[PDB]
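Taking the form deposited without the named molecule, here's one chain by itself in structure tokens.
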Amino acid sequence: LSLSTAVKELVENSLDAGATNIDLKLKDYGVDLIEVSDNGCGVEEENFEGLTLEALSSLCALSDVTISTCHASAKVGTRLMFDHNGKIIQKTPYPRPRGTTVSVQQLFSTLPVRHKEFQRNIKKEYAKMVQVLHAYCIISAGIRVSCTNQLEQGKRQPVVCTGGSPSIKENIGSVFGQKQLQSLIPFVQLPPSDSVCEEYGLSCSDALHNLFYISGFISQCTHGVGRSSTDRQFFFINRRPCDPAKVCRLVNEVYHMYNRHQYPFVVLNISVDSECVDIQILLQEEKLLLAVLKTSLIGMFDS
């Protein structure tokens, strides 16, 4: 029942549509409006009702939901207003490009307690949403992801925007500026060392079936170069944003082994077999993953 959850589900809904453009429009930090527009495949007319049988149903139950959409097979798009039961109040033709735009109006208005806790704690929830959106922007190469905000009677201001660049590094540049990029080194994967294998109780036979492909960027261990907090640490598994506790703790700990007083900027993707993942996300041979991680981090930060 958080802002970042609804935003994330709408974003992944746009991604599953194959959208190359994803725009977020917020009014009063999302308390007033949370809108997502994408050029995805749109929704066929056949599955209009079936959309509220998932994010859409709960969003209808908790807010005022409007959806415009246009499928490639459709001659004209459609505009739909929903009541709180997910039942379509209005279905009118609506000319628009291929894709889908979902509008969430006055979130939590049907529960005044949750709405008020939302308004009073707007800064924290807003910041969490910011972190999630940063993760998706960083990991979504080839896609244009943008976000703007409007407060009260003020004019709209842009929050973030990527240019559909093909590389994660350029996305990081677009999100945080190239000044952030100057202090970053790219992750370089290494086989696990014998000493780290000893530490984690692993033989070479265990390390043989290494199927973890780690990538990303991390702050240099040089004094002062790192960050003062963990405000810019992003982890993914199969390009999906997540927060692995042991992996994060090992990352920050190994960084402290060289830069005691600072935390690193982190962007780290773990490519692994999806069968080896389960639900906190469980990873088969996670000790091997931590061994490769520690060995590689040591190899990079070592002069």
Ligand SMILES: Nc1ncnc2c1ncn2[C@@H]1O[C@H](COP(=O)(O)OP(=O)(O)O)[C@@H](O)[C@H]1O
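For every residue, the number given is its place in the sequence shown, counted from 1.
Q: Using none, 1 to 3, 4 to 9 or 10 or more, say how many deposited residues go missing between residue 279 and residue 280.
A: Unresolved stretch here: 4 to 9 residues.
Q: Classify the number of deposited-sequence residues missing from the model between residue 53 and residue 54: none, 1 to 3, 4 to 9, or 10 or more.
A: 10 or more residues are missing.
Q: Out of 40-48 and 261-269, which one has CA B-factors that are higher on average in the deposited record?
A: The entry gives the higher C-alpha B-factor average to 40-48.
Q: Looking at the deposited entry, does 207-215 or 227-235 carry the larger mean Cα B-factor?
A: So the stretch with the higher mean C-alpha B-factor is 207-215.
Q: Tell me which of 108, 200, 136, 176 tops the list for C-alpha B factor in the record.
A: Among 108, 200, 136, 176, the PDB entry lists the largest C-alpha B-factor for 200.
Q: Among 132, 196, 104, 147, where is the Cα B factor highest in this entry?
A: Largest recorded C-alpha B-factor: 196.
Q: Going by what the PDB entry lists, where does residue 142 fall on CA B-factor within its chain: lowest, middle or highest third?
A: Lowest third.
Q: What third of the chain, by the recorded C-alpha B-factor, contains residue 62?
A: According to the entry, residue 62 has a C-alpha B-factor in the chain's middle third.
Q: Tell me, lowest, middle or highest third: where does the Cα B factor of residue 220 rank within its chain?
A: As the PDB entry reports it, the C-alpha B-factor of residue 220 lands in the middle third of its chain.
Q: Select lowest, middle or highest to describe the third in which the CA B-factor of residue 23 falls within its chain in this entry.
A: Lowest third, going by the recorded CA B-factors of the chain.
Q: Which third, lowest, middle or highest, does the CA B-factor of residue 85 fall in along this chain?
A: Highest third - that is where residue 85 ends up once the chain's C-alpha B-factors are sorted.
Keep in mind the form deposited with the named molecule bound is missing from the figure; the text below concerns it.
Q: Tell me, please, which stretch of 264-272, 249-257, 54-62, 230-238 lies within 4.5 angstroms of the named molecule in the entry with it bound when heavy atoms are compared?
A: Contact criterion met by 54-62 only.
Q: I'd like to know if residue 31 sits close to the named molecule in the entry with it bound, meaning any non-hydrogen atom pair within 4.5 angstroms.
A: Flag for residue 31 set to no.
Q: In the entry with it bound, does residue 26 have a heavy atom within 4.5 Å of the named molecule?
A: Output for residue 26 is no: heavy atoms all beyond 4.5 Å of the named molecule.
Q: Heavy atom to heavy atom, is residue 295 within 4.5 Å of the named molecule in the entry with it bound?
A: Output for residue 295 is no: heavy atoms all beyond 4.5 Å of the named molecule.
Q: Looking at the partner-bound form in the entry with it bound, is residue 244 within 4.5 Å of the named molecule by any heavy atom?
A: No, residue 244 stays farther than 4.5 Å from the named molecule in the entry with it bound.
Q: Find the only residue in 78, 219, 171, 100 having a heavy atom within 4.5 Å of the named molecule in the entry with it bound.
A: Flagged contact: 100.
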